[PDB]
There are 2 protein chains.
Amino acid sequence: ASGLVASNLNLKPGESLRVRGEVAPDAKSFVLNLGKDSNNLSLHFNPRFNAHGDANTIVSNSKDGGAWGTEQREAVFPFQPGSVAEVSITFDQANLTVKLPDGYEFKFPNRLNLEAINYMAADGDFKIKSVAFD
Amino acid sequence: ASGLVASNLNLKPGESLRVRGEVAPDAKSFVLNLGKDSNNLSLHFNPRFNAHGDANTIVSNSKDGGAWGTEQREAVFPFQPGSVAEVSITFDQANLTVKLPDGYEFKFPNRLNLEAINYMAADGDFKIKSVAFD
Ligand SMILES: OC[C@H]1O[C@@H](O[C@H]2[C@H](O)[C@@H](O)[C@H](O)O[C@@H]2CO)[C@H](O)[C@@H](O)[C@H]1O
């Protein structure tokens with residue numbers, strides 16, 4: 001990926017990942033990917049400030065064998081350009097749980113039926129400051 | 001080895017990398033590698049409890065183009081199996097500065113003179129719990 005890439009994570013069901021970073025000042029959006037590898041993603045977390053027709057909307061999706069799944073969009077957008085963003089993601093067998101900066105939480109189905117998350121990657125618009133595992 | 005592996009870290013001169021991890025309860029030693037890739041390590045940080053003929057000794061080395069350099073041993077050992085340990089690493093063109101769990105810090109020559117440190121890898125005896133950039 002463009003930003004920080006972490007592998008061999010072996011994040012098991014019930015375990016979580018907390019990521020804090022800085023969103024590019026001139027970023028139309030940023031990405032945090034979680035999955036098995038670059039082509040198999042359980043969660044493509046993509047807050048869009050202004051991209052692909054989306055204005056301030058969180059878009060989430062899966063990627064199987066390189067093929068994008070069906071997108072999911074949220075009703076809140078607790079992110080501000082050129083600022084710090086902290087998200088926590090919990091992996092579980094049925095669903096991944098995402099907790100946002102405003103306290104809002106949502107779930108995304110574990111479509112790939114992964115037994116663990118071994119891959120994480122941020123793009124060029126999200127500069128990671130810290131990553132923690134509980 | 002089998003621990004967490006990170007790439008595209010983009011650690012720049014003067015920037016601090018804080019790594020906190022769990023030292024395996026049965027560990028005879030553990031490793032934290034930092035550099036460009038598996039064949040080019042600015043720092044092979046290897047605390048040894050009882051391994052390779054050494055006892056409770058911190059051994060550091062570099063690896064350039066695959067070749068191991070001259071090992072450096074520290075005069076203190078603030079580590080123990082089955083416990084959490086945090087180390088901080090910073091660097092300039094001349095040396096890398098490594099700060100240990102108790103506040104003790106030493107310098108290791110920057111033998112590879114990399115523009116930035118982009119790779120990190122822990123072995124099976126050091127379970128990384130957190131990585132932070134300052
Ligand atoms: O699904 C994530 C994926 O979206 C791509 O953009 C989509 C867009 O979201 C959708 O509204 C449109 O119909 O198709 C586009 C092409 O897939 C992004 O380009 C890609 O980066 C991902 O973010």
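Residues numbered from 1 in each chain as written, not as in the entry; some residues may be left out. Chains lettered and ligands numbered in written order. Heavy atoms only, no water.

Its PDB record attributes the structure to X-ray crystallography, giving the resolution as 1.86 Å.

Right, let's talk about the pattern of salt bridges for a bit. Residue and element names in this part refer to chain A. According to the stated counting rule, one finds 12 salt bridges over all chains in the structure shown. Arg73 is paired through a salt bridge with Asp54; the nearest N and O atoms lie 2.8 Å apart. Taken as a pair, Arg73 in strand β7 (residues 72-73) and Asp54 in strand β5 (residues 54-64) lie far apart in primary sequence, 19 residues in all. A relative accessible area of 39% means that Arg73 is categorised as partly exposed. When salt bridges with common partners are traced through the structure, they connect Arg48, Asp54, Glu71 and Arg73 into a single cluster. (Salt bridge = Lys/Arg side-chain N within 4 Å of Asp/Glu carboxyl O. Helix = DSSP H or I, 4+ residues; strand = E, 2+ residues; numbered from the N terminus. Buried < 20%, exposed > 50% of the residue type's maximum accessible area, 1.4 Å probe, protein only.)

It is worth spelling out the site of the ligand at this point. Residue and element names in this part refer to chain A. Around the ligand, a shell composed of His44, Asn46, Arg48, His52, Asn61, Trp68, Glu71 and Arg73 is seen. With respect to the ligand, the side chain of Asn61 contributes an N or O atom lying 2.9 Å from an oxygen atom. Within the side chain of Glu71, an N or O atom sits 2.5 Å from an oxygen atom of the ligand. With the chains in place, 55% of the 480 Å² that the ligand exposes on its own is no longer accessible. Looking at the shell around the ligand, the element that brings in the most residues is strand β4 (residues 40-51), giving 3 residues. Across the shell around the ligand, the residue classes tally to 1 nonpolar, 4 polar and 3 charged. (Near = heavy atom within 4 Å. Polar contact = N/O pair within 3.5 Å; in protein donor to acceptor, adjacent residues only side chain to side chain. Areas by Shrake-Rupley, 256 points an atom, 1.4 Å probe, with all protein chains shown as cover. Nonpolar A, V, L, I, M, F, W, Y, C, P; charged D, E, K, R; others polar.)

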